[PDB]
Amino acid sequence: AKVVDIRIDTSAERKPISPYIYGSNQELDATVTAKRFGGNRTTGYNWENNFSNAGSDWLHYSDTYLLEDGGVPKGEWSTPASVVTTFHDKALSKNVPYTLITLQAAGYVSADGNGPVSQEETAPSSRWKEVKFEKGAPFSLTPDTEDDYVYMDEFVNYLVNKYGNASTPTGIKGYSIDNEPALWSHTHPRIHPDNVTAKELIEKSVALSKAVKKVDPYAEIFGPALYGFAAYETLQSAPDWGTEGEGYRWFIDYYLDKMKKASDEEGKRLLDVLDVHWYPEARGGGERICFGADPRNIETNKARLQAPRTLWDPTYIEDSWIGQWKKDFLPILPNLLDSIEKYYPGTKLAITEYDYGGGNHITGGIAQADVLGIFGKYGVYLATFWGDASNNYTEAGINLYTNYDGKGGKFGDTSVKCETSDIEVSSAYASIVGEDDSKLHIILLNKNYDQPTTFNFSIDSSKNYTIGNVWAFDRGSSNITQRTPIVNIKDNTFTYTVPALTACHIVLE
């Protein structure tokens, strides 16, 4: 019999959980709280005509993919920014409070939708329009598609004119400085053949931020949308890192420091959110937990359940090149937050792409629920899962926080102290609503693979809880279903045994 103690103190360690950590990039079968228009296809997206380029993902084709995939009505295909306005309209219609729109910085955007761009047509060429951050002339709501340029501030002006600025209820709240710059030369060689330099990235980031904030001073700028650890450390061995990086532990610090320096010179904050992508490198059973992982591989599933610990747990060392060679940078969230505190205090943190794999397996659901609990507890500002609607358990993990009862019930927005005696077999997160502990929310995860786990709860609260309603998902179904309520609570203590591999949301009142 596995027994674990859970101790919660509703008056301790209270901190707000950002509402935007429960987002997605794709259209999911889940209630989400943030939507990001980003990824490879957005680097070469031309807001003037909606064309974009697949890059290495598909023979460097310039076409109407984003219009098609975004479900844009054919009659709006030639309307400026229809890909983005359709994207934001959909988010608003689903009551999503945060929309993050990627702006273009690699240098050029698709001039047409004529198909493959040859290597001989590498920008500049008739296949491309050059991006300029500031128009330096009056904006138009009907951009000129005949000239050689596409302006980012004019694009933002079009959106602000239609939705109001970021401080308003319908405004687009954030903009990203492109996508995975250290991979521009790999993913988009026809646009940016040379490996990006640290100097180039900073210059573009500062220039684009200034351009955007002149139009919408309330919009938040996200950057650099780094693809993974190697970019966090050296911007993928950037050509000038040997000189630019002198004195810096990693590129993350250089980026924060230079953006703060530019902001100090300009007189306003130019970087609002440090933005990175985190696809776990954790392995189990001889394979990575994401990207082609086999759900039948039990060791991989078990590794998936523990992988979230790399985000926060100093005692956890995963099986990966990062766990082996980069221990000085783990756990990763504390290291990123420490860098922010040292080089640009006040900057927020966002994980704009991530996927723990096993999306259609209970372990993908439990790991997803664990990751969201960690994001909330450690202060992440915004997060957006990358993956499609076929990841039913990942979606259950999100709904466990955003809509656990099918009628809008959600996890509390204020994190409170909640400790477990065994962080390997379980995870537990607690929250209240605002400053009120009348209702105490608990996400309880049993990672035990083949046996139930008995949890002895001890709660310190100003309220005396009498019932705990429960909603959960497990191997029987990714549908979240209400379970028998917990009713024998004595002086805020109770015992609750959870079956193996089950994710629960308990609501005490």
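Numbering starts at 1 and follows the sequence shown.
A.B. asks: Return whichever of 381-389 and 115-123 has the greater mean Cα B factor according to the PDB record.
C.D. replies: Per the deposited B-factors, the answer is 115-123.
A.B. asks: Averaging CA B factors per stretch from the PDB record, which one is higher: 341-349 or 71-79?
C.D. replies: The stretch with the larger average C-alpha B-factor is 71-79.
A.B. asks: Of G357, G286, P224, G228, which one's C-alpha B factor is largest in the deposited record?
C.D. replies: The record points to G286.
A.B. asks: So if I compare the CA B-factors in the entry for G412, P334, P280, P143, which one is the largest?
C.D. replies: Highest CA B-factor of the listed options: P143.
A.B. asks: Lowest, middle or highest third: where is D29 by C-alpha B factor in its chain?
C.D. replies: According to the entry, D29 has a C-alpha B-factor in the chain's lowest third.
A.B. asks: Determine, from the deposited record, the chain-internal third of the Cα B-factor for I17: lowest, middle or highest.
C.D. replies: Answer is lowest: the recorded C-alpha B-factor places it there.
A.B. asks: Among the modelled residues of its chain, does the C-alpha B-factor of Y175 lie in the lowest, middle or highest third?
C.D. replies: Within its chain, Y175 is a lowest-third residue by C-alpha B-factor, going by the deposited values.
A.B. asks: What third of the chain does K213 rank in for C-alpha temperature factor, lowest, middle or highest?
C.D. replies: According to the entry, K213 has a C-alpha B-factor in the chain's lowest third.
A.B. asks: Please place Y401 in the lowest, middle or highest third of its chain according to the CA B-factor in the PDB entry.
C.D. replies: Its C-alpha B-factor, which the entry lists for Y401, ranks in the lowest third among residues of this chain.
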